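For reference, the structure I am asking about is given below.
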Amino acid sequence: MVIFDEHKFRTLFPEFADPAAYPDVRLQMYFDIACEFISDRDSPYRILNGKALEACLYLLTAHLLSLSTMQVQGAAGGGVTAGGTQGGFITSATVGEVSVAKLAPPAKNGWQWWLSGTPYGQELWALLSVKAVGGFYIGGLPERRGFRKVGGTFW
Amino acid sequence: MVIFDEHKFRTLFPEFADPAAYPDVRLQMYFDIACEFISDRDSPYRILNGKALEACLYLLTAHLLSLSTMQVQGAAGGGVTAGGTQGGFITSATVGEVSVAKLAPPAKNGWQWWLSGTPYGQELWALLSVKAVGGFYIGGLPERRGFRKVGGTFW
Amino acid sequence: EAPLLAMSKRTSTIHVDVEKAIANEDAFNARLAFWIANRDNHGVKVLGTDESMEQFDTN
Amino acid sequence: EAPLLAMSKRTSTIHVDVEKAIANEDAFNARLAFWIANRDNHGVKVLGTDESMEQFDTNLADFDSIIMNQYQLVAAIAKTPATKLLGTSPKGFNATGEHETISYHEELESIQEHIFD
Amino acid sequence: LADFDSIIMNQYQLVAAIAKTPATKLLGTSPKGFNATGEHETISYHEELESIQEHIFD
Amino acid sequence: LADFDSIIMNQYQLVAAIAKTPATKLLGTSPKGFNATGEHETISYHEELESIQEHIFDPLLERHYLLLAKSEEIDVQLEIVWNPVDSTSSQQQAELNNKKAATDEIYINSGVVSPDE
Amino acid sequence: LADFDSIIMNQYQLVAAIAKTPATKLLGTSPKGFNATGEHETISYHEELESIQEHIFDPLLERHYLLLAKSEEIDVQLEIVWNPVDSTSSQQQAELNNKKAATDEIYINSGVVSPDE
Amino acid sequence: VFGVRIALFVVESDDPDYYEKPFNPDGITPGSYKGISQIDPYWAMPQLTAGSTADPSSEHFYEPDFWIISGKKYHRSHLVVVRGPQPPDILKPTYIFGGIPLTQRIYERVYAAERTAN
Amino acid sequence: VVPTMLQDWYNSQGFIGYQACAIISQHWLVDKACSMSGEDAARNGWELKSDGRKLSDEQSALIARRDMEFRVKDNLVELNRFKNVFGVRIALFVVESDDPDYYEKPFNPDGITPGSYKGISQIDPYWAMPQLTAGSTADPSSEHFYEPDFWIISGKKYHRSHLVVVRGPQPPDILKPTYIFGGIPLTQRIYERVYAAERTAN
Amino acid sequence: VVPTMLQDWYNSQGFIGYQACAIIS
């Protein structure tokens, strides 16, 4: 379990600074929700250990809060439209004479696509990918330690 | 551990010169965050060692700070819009009669795609790629040192 | 010819980006010299993408 | 060349994103050192997408013919049977017989006796 | 791993060659594939090297 | 898994090599692929190693009889002779006895040894 | 499934090895691929291990005959001789008897042993 | 099994320092030979005299003249010692003046054979 | 001319040293190779004939008693074994005399003082030190050239004739001193081949 | 001279100990 405080989240994300706009209980609820996507079991053998794991959880809470404020604010004609507004990465946009076309993320999975939908989720995806190098190895015993080798090593 | 000073950072990135616009604690916090992505454990056997590792870390803090100041400034109507503004590399842009179409980076992974969003991250990615040659060889004992060879080598 | 060719029987190679190895040229060849010195059938060689290793042997 | 190459017979290689590996490079080396230490034919290795981990091995069945052909030639210069020098007949060669025993016991040894005379 | 036996039993045969002692005496039997040890090896060991050791003892 | 048997019965042959004892005695039979055990191994074990063990035993029996005979009331010292160690079958023993009887008959008829010997 | 037989019979051969009993006696026949059981294994089992078991039995029979003879009304102490254990066939037994009879005839004719022996 | 074995012929005499003098065939006191015993190496302690350690030319060099078994020190001549392949002199004390043990010769090879058969 | 690569491949088979030989001799393969060579030759024993038909039975019993007390078979087996292990073995026949400089003069069959033959000893090469005289070093034509006239074992210098020396394959003269005037050791002949065989078996 | 790797490979085969011999027997 990881305890979540308002202060670190608010200084991390200055956009989420108004308590009236973003109550404490809302942030706490989204932290309990984000605990499901990333388990907050802190262990020293985990690749996400300590401050990296807390940063990942905080980034996901920012992701969920951004989706929630998208839904509540809207806006179609002064409120929330029917079926809400969907996330996802804006590949290309055009307002007036201004047009922007951005490179698409290599989202090969629904989780990666949902993460890339928002910039906080993009940072979370980058952190997870950069920590996801190599892999694990389950099972197996030190079989080689019973056989002699060069230089009198592991006789 | 690598200590983060502000003189080197502010002379290296002149756009981050104003303390009022970019406080001390903000830069320190983003350095602590960047330590999570790139481990600052300095060793003489690492591929990233000394000044290369320090430059990599500083470039990552510049990347994070640029994204955060983009979030804070916005701007939609004088503030931050709902859900923030996403990063990524602008492949093509068009303003008025002017149009630009840039080459897309070979972003085969979410970490690389997120790095390509800002030029600080682009420089960091370039440094990582130019340092990534060959690889590592973990395990394996000098078995060849017990067998005689040409010219009386390693009898 | 059979002993002399048997000396150069196996010709394992590696396809590393030479234009990037050029920039360092000392850490890279030091690392590969360490690999060749400690070559064994239990150690594993990490090598990035766009690298193919590949090996030939003679009959 | 057969023992020394047999030492480096198998040359398994793993395709890890090295530019990601350098970023930490301590936990990565620790994890793979743990794998190499507890390598076994029952444990399973997890490695992400865009990762191959190919394996190469060498064929050493033809070294014995070369070795025993050269030792047989050593006996050929020495004018002494390979049974006497190498301790036995070399690989695949016909078992030593009456012809070789009369070629060694009678010919060369009588030459050595006339040298001693 | 079918080709390791040839290497092992060639190197042990070479050990016997150095020792001037039959592989039957050293290794306990003739090595892999090699022709069964016979009258030639018995007269090469029992008569030659042991007479050498005897004139050393003399 | 076809290549495991060769390794197994190479290592058991090596164990026999350490023990200086035939794989027929230790493993119960000759190992896989190896030439069938013969007169060479039979004389290498039955005649050589048993003789080594017997000359190791000889100090023990010598001192035991020195401290048995001389300690008790005797008149003449003692000496030990070792039985042959071949453990050959009944038919081979009968053939051995018949050949020795033929030698005895030849010697007696030629007038070398008396039937008392 | 072609390679399972080698594993199964390699393990049964090791069971026989630990039991110090031939695989012909335990498994009922020689295992897969192994050389046919021969004179070496028959002398290794019939003569060695069974003589060990007979010398293990000897304290039991010796104390039994002590406590039988001396306890009952007897005059002379007792000793035990062990029958040969080869269990050879009837043809082989007849050949054995014929060869022994030839030895007897040779010795009697040469005047070594009387027909009473 | 071990590197060396010691066989001690137990015999009774009036002198409590009997196992101190070199063994003599005349010191019998008839009807005294009670039997023999075999003593494991860890129950014994070889002791080397200065005369048996100072002179390489001596035929008893690095040959334990006494063996402390249970407090008392039995002389070399009184007991019969059987030893292994007799390692060279410079590392003879490293084997406690015994021999090279067949367990040392085959504890790794036996393990390898069993695990491969396993 | 011999090439440089072949020349320094052959030159590298130098004398490893007595300490290295003793350390390597612990291995089973080299021990067995040095052991079951002269031991099998010594197994069958010998017989004594003399000028006469048969030695008198009391003399034969005395000879058997003295041989058992001197453990001749074990000594000669160990002699061959360690002669194979090291390059050279020295056997010194211990005998008592009044003169404290007895082991200085050349050995004489008359200098007995009967009832003085106490036994034999075998001296390892590192416990000895060969000593060469100017007459045994100056003249290549001399039949004792590069043959140690004396052997310092424990301070005193035993003469060559007093002791029996068994040596290996007798290396050539220019590098005979490099072997301490001994022989080529079978441990030096098989410490690499044995390692290769055992590692391949491993 | 003997190499370091062959030298300590041969030197590692020291006396295991009487307790080790008994427990392995």
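Labels A, B, C, D, E, F, G, H, I and J are assigned to the chains in the order they are written; within every chain, residues are numbered from 1.
In the analysis below, a contact is a pair of C-beta atoms (placed from the backbone, for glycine too) under 8 Å apart; a residue touches a chain by one contact, two chains touch by 3 or more.
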Minimum number of chain-to-chain contact steps, chain D to chain J: 2
Closest chain to global C-alpha mean, per-chain Cα centroids: J
Rounded Å distance between chain A and chain C, as computed from the means of their C-alpha atoms: 39
Distance between chain centroids, defined by C-alpha means - chain D, chain I (Å): 37
Sites on chain C at which at least two other chains make contact: 39-40, 42-49, 51
For chain A, residues contacting two or more additional chains: 129-130, 144, 147-151, 155
Touch list for chain E against partner chain I, complex: 4, 7-8, 11-12, 14-15, 18-21, 25-26, 49-51, 53-54, 56-57
Interfacial residue positions of chain F with respect to chain I in the complex: 10-11, 14, 18, 20, 48, 51-52, 55, 62
Interface residues, chain F side, partner chain H - complex: 4, 7-8, 11-12, 14-15, 18-19, 56, 59-60, 63-64, 66-68, 70-73
Contacting residues of chain I [partner chain B, same complex]: 4-5, 8-9, 11-12, 192, 195-196, 199
Contact set on chain H toward chain J in their complex: 1-3, 40-42, 94-96, 101, 103-104, 107
